[PDB]
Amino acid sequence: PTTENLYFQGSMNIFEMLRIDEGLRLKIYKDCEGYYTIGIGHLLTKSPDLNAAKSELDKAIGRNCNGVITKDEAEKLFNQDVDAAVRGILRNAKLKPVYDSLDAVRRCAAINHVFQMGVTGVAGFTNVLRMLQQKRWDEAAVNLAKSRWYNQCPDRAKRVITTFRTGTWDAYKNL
């Protein structure tokens, strides 16, 4: 690894990670599951009604957006969504002990998974959680690859799974 490569881990964090997995869009769009989304993976609603999604957007941003936001607004909403995912893990009696047992990079993958799926969805992955606590990284990754989360939308989930296998940032290199 070159001096520069050893620097790459100092450049990666949860925000850079989810920015790569979710992308950055300033106008309402439908995600791989057809749900209305904006900014950096902010799901607006599961409703098929774009009017509901615009309604949620104006609530979330606090102004009349008509389906469009700024980069700074995207970043603020993203920061809030990351904070909610971390808070959701830390207050949960099932997820917290597993999170605490993980190294820093796998902790980012855990916050990413919760950002994407929500607390109850993730907390239902009983086998994977046990595998992760037991440092069975290959098995955890194979099991995550059986999930509907990954299989319905592999490009958004694949790097998180690789990160659970390896505990490094390699999946985020060389975009």
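Start at 1 and count along the sequence shown; that's the residue number.
- Between 124-132 and 57-65, it is 57-65 that carries the larger average Cα temperature factor according to the deposited entry.
- The mean C-alpha temperature factor is higher for 29-37 when 138-146 and 29-37 are set side by side.
- Annotation for residue 72: C-alpha temperature factor in the highest third relative to the rest of the modelled chain, per the entry.
- When the CA B factors of the chain's modelled residues are split into thirds, the value for residue 10 lands in the highest one.
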